[PDB]
């Protein structure tokens, strides 16, 4: 038999990988003169599907029925005549068909990343047929629910997986979604990507701290009422985009001097290494020396003016401890 004058082919060349989809494997057989050859014992061996029994045909043709199994790919058809392998090729593609959202997996490598990082995190999808086979060529598309977050380039990896990165300037949690050919998947593992605050804007307009005189005073601290020296309040911090950063402030109390409603003028030694969080409510610095037993007495001695220098010396970005120098005065300030 001639290799060039013979053909091994199966149609439909593409059949869905269900247990039913059949195919006909035709072996056109001829001799070196191209004259057909008849009366030969042939055997077909495929790499997929179930082959029926072989049968002779007219013009020197032979056939077997390949019922599609349940696996996607290309069934490589090999053939042997009279127990001798024939050097003709042939195959058939087993198509997966539809997509199975149950066992197809969606996951992000990083559940969080900062708004400064333009690369962000990679979304990974794994398309799978009902029978667990990959599905390629799908018009996949990812999506997000957080504003100012962008889905980046997408890839059909030709293996059932489709990936794409995401990054956002606006802080928040960005759930992930997917759709194929304008059709969104229903039941899929919820996947989140939280946008961490970026880098604090060194050129920030707003203030960060507010030192004030005491109003609230004369309350049981150590079981006794003490006069409150000063009060500290902090505010929000912002990256270059404006998302609230939650950082740490490092300030130093100055050698302050105050005056009480009785006209006395005392001094309070400053202190270094003080810390407080941003956007924090009032921190009542109390005279650690007080020991008043009567809320009335302490109130009849409350502080009327404080002259101290409060100096913020460092801020803690989400990626480094930036140094600064912001001062805040009450009255004339420390001397």
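Numbering follows the first chain given and starts at 1.
The PDB entry reports B-factors from which the mean C-alpha value can be compared for 186-194 and 228-236; the larger average falls on 186-194. Of the two segments, 162-170 and 76-84, the one listed with the higher mean B-factor is 76-84 (C-alpha atoms only). The residue among 305, 288, 279, 45 whose C-alpha carries the highest B-factor in the deposited model is 288. Reading the B-factor column for the CA atoms of 310, 51, 268, 58 in the entry, the top value corresponds to 58. Per the deposited record, the Cα B-factor of residue 68 falls in the highest third when ranked against the other modelled residues of its chain.
Split the chain's modelled residues into thirds by C-alpha temperature factor. Residue 121 is in the middle one.
Among the modelled residues of the chain, residue 314 sits in the middle third by CA temperature factor in this PDB entry. In the PDB entry, a CA B factor belonging to the highest third of its chain's modelled residues is recorded for residue 220. In the deposited entry, the Cα temperature factor of residue 90 sits in the bottom third of values across the chain's modelled residues.
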